[PDB]
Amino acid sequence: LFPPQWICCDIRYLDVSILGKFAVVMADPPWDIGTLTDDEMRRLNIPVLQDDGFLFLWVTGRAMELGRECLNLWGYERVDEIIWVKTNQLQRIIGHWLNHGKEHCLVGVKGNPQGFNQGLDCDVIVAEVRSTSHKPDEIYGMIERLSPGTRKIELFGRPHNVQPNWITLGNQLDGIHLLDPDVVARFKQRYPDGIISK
């Protein structure tokens, strides 16, 4: 069901098997560079979310390496790396050796995705910084052109991250908003009283 959907949850404890399979996963985890430990990140049940498709994983600092570990542990091969060049309103550019002008987003592939429009966009995003950790909305349009109309899921999203065709998971979302009948049914069967524990 096309309109935005979301689930306020602790992503460590949600049974993500109820959500089905997705053409694209995106995550912006709170790396321990309210953070998740390295082991909690490794143990996230990312493998059940896709059979064939792409994972977009935001990283900074030592998560450039830890994120690569998670990506591989979860069954992906890193095949691209998007750079977001951070600018002000006048398109000027805004780790203790160098100032940082950018953030990185690893692109992993699982299986053999068919029918994606690879090569339409380039791997550099030039976009304004907004609030802290707020990622650029340009990535949603890149992902939509890569895989139009398909189901996507975002992990650790905030309210401003919800988007059509996306299901957003995160602990700062407001309640639960689910419209896909497949997902509603499996959510009701798994959480009859709406409580997500353990």
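Just count from 1 along the sequence shown to find any residue number.
Gaps at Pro113 occur in none of the other compared entries of the protein that contain both adjacent residues, all of which model it rather than a third dropping it. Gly75, present in the displayed chain, carries coordinates in each of the other PDB entries compared that cover both sides of it, far from a third leaving it out.
Missing deposited residues between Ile33 and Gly34: 4 to 9, all without coordinates in the entry. The modelled chain breaks between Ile94 and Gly95, where 4 to 9 residues of the deposited sequence lack coordinates. Comparing the deposited coordinates for 49 to 57 and 34 to 42, the stretch with the larger average C-alpha B-factor is 34 to 42. Of the two segments, 2 to 10 and 188 to 196, the one listed with the higher mean B-factor is 188 to 196 (C-alpha atoms only). Ranked by C-alpha B-factor against the other modelled residues of its chain, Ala127 falls in the middle third.
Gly111: CA B factor lies in the middle third for its chain, per the PDB record. The entry lists a Cα temperature factor for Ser133 that places it in the highest third of the chain's modelled residues. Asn117: CA B factor in the middle third of modelled residues in this chain (values from the PDB entry). The deposited CA B-factor of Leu90 belongs to the highest third of values across its chain.
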